[PDB]
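# Chains, contacts and geometry: an overview
Here is how the chains run, residue by residue.
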6 protein chains.
Amino acid sequence: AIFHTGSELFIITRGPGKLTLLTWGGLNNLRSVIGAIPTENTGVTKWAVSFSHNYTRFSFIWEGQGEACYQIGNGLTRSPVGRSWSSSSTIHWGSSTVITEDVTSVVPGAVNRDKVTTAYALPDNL
Amino acid sequence: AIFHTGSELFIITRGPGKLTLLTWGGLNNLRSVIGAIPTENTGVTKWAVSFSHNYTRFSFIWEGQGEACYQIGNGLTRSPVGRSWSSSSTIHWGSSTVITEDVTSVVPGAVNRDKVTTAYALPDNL
Amino acid sequence: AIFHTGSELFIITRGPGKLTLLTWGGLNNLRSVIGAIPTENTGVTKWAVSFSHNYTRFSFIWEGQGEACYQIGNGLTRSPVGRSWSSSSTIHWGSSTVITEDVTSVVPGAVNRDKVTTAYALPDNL
Amino acid sequence: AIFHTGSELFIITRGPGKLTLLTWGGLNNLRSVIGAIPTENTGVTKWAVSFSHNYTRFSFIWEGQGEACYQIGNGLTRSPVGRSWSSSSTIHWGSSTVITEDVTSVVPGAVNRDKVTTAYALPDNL
Amino acid sequence: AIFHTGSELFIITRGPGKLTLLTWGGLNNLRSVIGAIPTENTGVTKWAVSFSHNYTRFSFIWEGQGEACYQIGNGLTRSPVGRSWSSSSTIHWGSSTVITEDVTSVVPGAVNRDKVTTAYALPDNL
Amino acid sequence: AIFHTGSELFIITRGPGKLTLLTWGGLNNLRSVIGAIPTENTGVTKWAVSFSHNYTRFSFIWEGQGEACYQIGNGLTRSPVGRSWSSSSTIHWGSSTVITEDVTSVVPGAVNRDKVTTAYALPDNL
Ligand SMILES: CC(=O)N[C@H]1[C@H](O[C@@H]2[C@@H](O)[C@@H](O)O[C@H](CO)[C@@H]2O)O[C@H](CO)[C@@H](O[C@@H]2O[C@@H](C)[C@@H](O)[C@@H](O)[C@@H]2O)[C@@H]1O[C@@H]1O[C@H](CO)[C@H](O)[C@H](O)[C@H]1O
Ligand SMILES: CC(=O)N[C@H]1[C@H](O[C@@H]2[C@@H](O)[C@@H](O)O[C@H](CO)[C@@H]2O)O[C@H](CO)[C@@H](O[C@@H]2O[C@@H](C)[C@@H](O)[C@@H](O)[C@@H]2O)[C@@H]1O[C@@H]1O[C@H](CO)[C@H](O)[C@H](O)[C@H]1O
Ligand SMILES: CC(=O)N[C@@H]1[C@@H](O[C@@H]2O[C@H](CO)[C@H](O)[C@H](O)[C@H]2O)[C@H](O[C@@H]2O[C@@H](C)[C@@H](O)[C@@H](O)[C@@H]2O)[C@@H](CO)O[C@H]1O
Ligand SMILES: CC(=O)N[C@@H]1[C@@H](O[C@@H]2O[C@H](CO)[C@H](O)[C@H](O)[C@H]2O)[C@H](O[C@@H]2O[C@@H](C)[C@@H](O)[C@@H](O)[C@@H]2O)[C@@H](CO)O[C@H]1O
Ligand SMILES: CC(=O)N[C@@H]1[C@@H](O[C@@H]2O[C@H](CO)[C@H](O)[C@H](O)[C@H]2O)[C@H](O[C@@H]2O[C@@H](C)[C@@H](O)[C@@H](O)[C@@H]2O)[C@@H](CO)O[C@H]1O
Ligand SMILES: CC(=O)N[C@@H]1[C@@H](O[C@@H]2O[C@H](CO)[C@H](O)[C@H](O)[C@H]2O)[C@H](O[C@@H]2O[C@@H](C)[C@@H](O)[C@@H](O)[C@@H]2O)[C@@H](CO)O[C@H]1O
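For this deposited structure, the header cites X-ray crystallography as the method used and 1.950 Å as the resolution.

Let's shift gears to the interface of chain D and chain F. Taken together, the contacts link 11 residues of chain D with 12 residues of chain F. Between chain D and chain F, roughly 1,100 Å² of surface is buried when both sides are summed, and carbon and sulfur atoms account for 53% of that area. Counting across the chain D and chain F interface gives 0 salt bridges. Where chain D touches chain F, the interface holds 5 residue pairs in polar contact. Those elements giving two or more residues to the side of chain D that touches chain F turn out to be β1 (9-14) and β6 (68-72) of chain D. Element by element, the count of residues in the side of chain D that touches chain F is highest for β1(D), at 3 residues. For the side of chain D that touches chain F, the residue count by class is 4 nonpolar, 4 polar and 3 charged.

Below, the discussion takes up the relation of the copies chain A and chain B. For these two chains of identical sequence, chain A goes onto chain B by a turn of 180° and a shift of 0.1 Å along the axis, with RMSD 0.2 Å. Both chain copies can therefore be described as sitting about a two-fold axis. Residue A:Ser52 of chain A places its C-alpha closer to the rotation axis than any other residue of that unit, at 2.0 Å. Most of the interface of chain A is mirrored in chain B, where 100% of its interface residues are also at the interface.

Note on interface size: it is often stated as the accessible area lost on association of the parts. Taken together, the contact pairs 37 residues of chain A with 38 residues of chain B. Of all the secondary structure elements, the ones that give two or more residues to the side of chain A that touches chain B are β1 (9-14), β3 (33-39), β4 (44-49) and β11 (119-121) of chain A. With 3 residues, β3(A) is the single largest residue contributor to the side of chain A that touches chain B. The residue makeup of the side of chain A that touches chain B, split by class, is 18 nonpolar, 13 polar and 6 charged.

Moving on, we get to the site of ligand 4. Around ligand 4, the neighbouring residues are A:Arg113, B:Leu27, B:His53, B:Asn54, B:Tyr55 and B:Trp93. Neighbouring residues of ligand 4 are not confined to a single chain but are spread across chains A and B. Within the contact set of ligand 4, an oxygen atom lies 3.0 Å away from a backbone nitrogen or oxygen of B:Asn54. In the model, an oxygen atom of ligand 4 is placed 2.7 Å from a nitrogen or oxygen of the B:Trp93 side chain. Alone, ligand 4 offers 640 Å² of accessible surface; in the complex the protein occludes 50% of this. Split into classes, the residues belonging to the shell around ligand 4 amount to 3 nonpolar, 2 polar and 1 charged.

Nothing in chain C touches chain E, and the closest approach of their C-alpha atoms is 9 Å. The two units chain A and chain F never meet; even their closest C-alpha atoms stay 9 Å apart.

Quick look at the relation of the copies chain D and chain F now. For these two chains of identical sequence, chain D goes onto chain F by a turn of 178° and a shift of 0.2 Å along the axis, with RMSD 0.2 Å. Counting the interface residues of chain D, we find that 100% of their copies in chain F are interface residues as well, pointing to one common contact surface.

Let us look at the site of ligand 6. Around ligand 6 sit E:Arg31, E:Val33, E:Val111, E:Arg113, F:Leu27, F:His53, F:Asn54, F:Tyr55 and F:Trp93, and that is every residue in its neighbourhood. For ligand 6, an oxygen atom lies 2.8 Å from a polar atom in the side chain of F:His53. Considered on its own, ligand 6 offers 650 Å² of accessible surface; in the complex 48% of this is hidden by protein. Looking at the shell around ligand 6 residue by residue, the classes come out as 5 nonpolar, 2 polar and 2 charged.

Moving on, we get to the pattern of salt bridges. Tallying each qualifying case throughout the model produces 7 salt bridges over all chains. Between F:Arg14 and C:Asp124 there is a salt bridge; the shortest N-O distance is 2.9 Å. Here F:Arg14 is found in strand β1 (residues 9-14), whereas its partner C:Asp124 is found in the segment after β11 (119-121) on a different chain.

Evaluated as defined, the whole model comprises 42 aromatic pairs over all chains. Between the aromatic rings of E:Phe3 and E:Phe58, the centroid separation amounts to 5.3 Å while the plane-to-plane angle is 70°, which identifies the pairing as edge-to-face. With a gap of 55 residues between them, E:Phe3 in the segment before β1 (9-14) and E:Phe58 in strand β5 (residues 55-64) connect regions that are remote in the sequence. Between F:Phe3 and F:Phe51, the aromatic rings sit 5.4 Å apart at their centres with planes inclined by 50°, giving tilted as the arrangement. Of this pair, F:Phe3 sits in the segment before β1 while F:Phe51 sits in the loop between β4 (44-49) and β5 (57-63); the two residues are 48 residues apart in sequence, bridging distant segments of the chain. For F:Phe3, a relative accessible area of 1% translates into the label buried. Counting every residue linked through ring pairs, the aromatic cluster contains A:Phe3, A:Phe51, A:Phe58 and A:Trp93.

What counts, and at which threshold
- Residues numbered from 1 in each chain as written, not as in the entry; some residues may be left out.
- Chains lettered and ligands numbered in written order.
- Heavy atoms only, no water.
- Residues with missing side-chain atoms left out of burial classes, pairs and counts.
- Contact = heavy atoms within 4.5 Å.
- Buried area = accessible area lost by both parts, 1.4 Å probe.
- Salt bridge = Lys/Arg side-chain N within 4 Å of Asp/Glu carboxyl O.
- Polar contact = N/O pair within 3.5 Å; in protein donor to acceptor, adjacent residues only side chain to side chain.
- Helix = DSSP H or I, 4+ residues; strand = E, 2+ residues; numbered from the N terminus.
- Nonpolar A, V, L, I, M, F, W, Y, C, P; charged D, E, K, R; others polar.
- Least-squares fit on C-alpha atoms.
- Near = heavy atom within 4 Å.
- Areas by Shrake-Rupley, 256 points an atom, 1.4 Å probe, with all protein chains shown as cover.
- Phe/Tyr/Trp six-rings, centres within 6.5 Å; stacked < 30°, edge-to-face > 60°.
- Buried < 20%, exposed > 50% of the residue type's maximum accessible area, 1.4 Å probe, protein only.

What follows is the structure in structure tokens.
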């Protein structure tokens, strides 16, 4: 299952842009969250994307001009990230697969946590 | 503030062991979570540690025999991680500092989520 | 087009095994070539795969327990390499895409150039 | 022998310029090839240089302000590359050594395959 | 003991500036040395700092806008370097610890060896 | 001149062995030093070699089955290190060049400083 030890969610992007994570399907009416994480790197950025406990849906898009791929764990495969909420990269909690899912209906209700959600660019010195 | 873009929480460890994260101070009666994340690496492991939305306290220890340090964002400083819950590394949500805090009183109430909490070892091919 | 500057053919493998390249579709009645390139590396091996002038077909497989993907140029996508000649990774000279092609009919007549064909494991010190 | 597994031909350059490969000594009247591969990198560029099957001579030069050295396999030594066709770096197919050879007489007959010959700059994300 | 095999003195800096080493406590009235080593790197610079035989005191500071930390051997801890002689980073020959020590009274008597003392920025191609 | 900023002395070795530094030519009858610095790395070790103030001669050898080369500053060239004191790599203080020199006559009078002289293996985490 993605997010389990051994199946960690990583992203690789080129050029500047924002990776946005939508945290939703919260148990007992927990508020859904949307937050954009910017990079200004002109080259490659590597990222770790986390879940939040008590949520069952995680969707993300890349809005930069350059490529963006995900990798699961130490797997070799890198596959394109969604570029709009109508074709988001989405993970159902417990799933081993990233699917394409339209989550346009979820976004308007989410609270904004730009630069404070659970996706992180790795720096030059790690 | 730690966990914000630019102040991401990274760990560096040497040798095998477990990085254990206690997610607590939940809003809305949310159950606290404790989960150990194992590495079998004999060398250096780099890690990304995430918070979970709707929690206000994040405490972690390294249970392995080798060294463990944290780094904030692209900062150069690397400082020892706590090695027992009475001297845990702890972040109060909104703080820019990792403090040493006794959270022994929090641990027994937390639900166990070993290999499924918000701390991730980076692989050899990222 | 693959093999042009900017669209170089790279491979990434995990663990020991052999990458085999089949050079065929020769102009001027050139004979077909097959050559296995082994690695004993336990971890990630990166590779450059070249064409030969005057040939129009390039087919390759990975034979190993571990994963194998190709990457084109500096692009972020990494996609699985074929694991038998009946579903080889194949490039038609001029194409920008790697296809799956059965080339089992080419193999028996190809001249064997094991450890002397146009696929190279990159070393630890480049 | 250079181009065999363990004796792969690598180039290291500094700054922008062009690496040109001359593939010649073709069997069965195969036409000679000359092709320039440019880099605009301001720093170090690493390169893999391939032979083509059915050719017995491979000669290369670097045209740039900055240094250029070759390395054989995972060997440590790095030695200067020729900077003009009258003192080209040259490999006789079967040789374990890079020699200096004047191939000015070979150049005019070669077909031009600029940006489509068997020398490759390695990307930032391999 | 710092400067023994396994306890080598390394520095990590960000941005341009000068690392200055003061070599003092010379046996048999050997002359004290002070020398500034500049970097113009915009990003991270890694450094090796050596002692000189027959000296018993080594003190250093970083003058630059960016961060500077030292690391002992392959240890994970990185700790801030002194930014003035009144709170220099200092090593007593035979000590395993870097201390803060005011050496302002040592500086004026030391002979100037700017760009020729025993502290070295590592290059991009090592 | 080697050891000046921009012309730092770096070594690259493969496999386990010892790099031995002989510090001699001491002003005012300063005692000569010989010290072996071991590596147990199975692959590449990178090294920084320092002079000591008040000495005018620096000679080094590599004892191991694998290769050893030196590199000056950010230069691309890497050239073999001497493998015995009769064919030592030697630097005359102020020279821009490493020469081969027999220093067997200097060795017997040098004091032993094994694992405590001015040559440093770089760690896995720098
Ligand atoms: C039409 C064709 O096959 N072109 C190839 C060319 O054949 C000609 C033939 O058409 C007629 O003109 O007689 C000529 C005698 O002077 C010659 O035989 O011959 C080239 C030499 O074999 C060949 O190029 C070689 O093979 C290619 C696959 C490639 O490796 C080249 O780098 C190599 O020199 C011609 O193939 C075409 O070359 C162009 C080069 O721009 C393209 O790559 C095409 O995709 C190739 O078909
Ligand atoms: C001696 C020679 O020319 N051998 C090359 C071989 O020629 C024979 C020809 O002599 C006669 O026997 O007809 C045969 C057809 O029935 C064949 O044409 O042809 C090989 C190709 O089929 C050729 O190998 C090619 O060219 C090489 C330069 C190299 O690129 C090979 O990978 C490639 O397949 C023979 O050349 C020798 O190949 C051996 C292979 O081990 C060595 O590399 C020698 O150095 C080559 O001269
Ligand atoms: C059936 C159900 O809704 N269970 C709730 C927990 O969610 C499940 O947790 C299990 C734990 O092993 C498993 O992940 C299932 O997939 C979840 O449906 C819930 O656990 C909390 O929320 C989860 C989404 C996950 O984040 C977990 O780590 C977290 O503790 C608990 C909360 O106390 O309540 C259960 O009713
Ligand atoms: C006063 C209060 O309790 N506000 C609640 C939110 O917590 C604060 O959120 C802001 C968000 O900008 C900020 O992080 C403060 O530090 C929080 O105290 C709460 O937000 C949710 O829980 C937070 C701990 C944080 O994880 C946030 O991302 C998450 O959305 C909201 C939503 O449930 O409830 C508010 O009452
Ligand atoms: C003063 C003394 O007792 N010994 C002198 C040496 O200094 C010591 O060297 C030993 C070597 O095992 C050890 O490092 C002690 O900490 C030193 O105090 C001195 O050695 C020279 O200078 C040292 C500072 C050190 O750099 C060493 O490598 C160098 O050879 C010698 C020669 O001057 O004199 C002894 O009397
Ligand atoms: C003999 C002379 O001209 N000067 C002596 C110093 O040696 C020279 O130092 C200069 C500095 O630019 C230069 O390196 C010359 O090539 C040296 O010959 C000598 O300096 C001490 O020993 C040196 C070998 C060097 O290590 C230097 O950094 C160190 O301080 C001093 C002794 O303090 O005496 C001068 O007369």
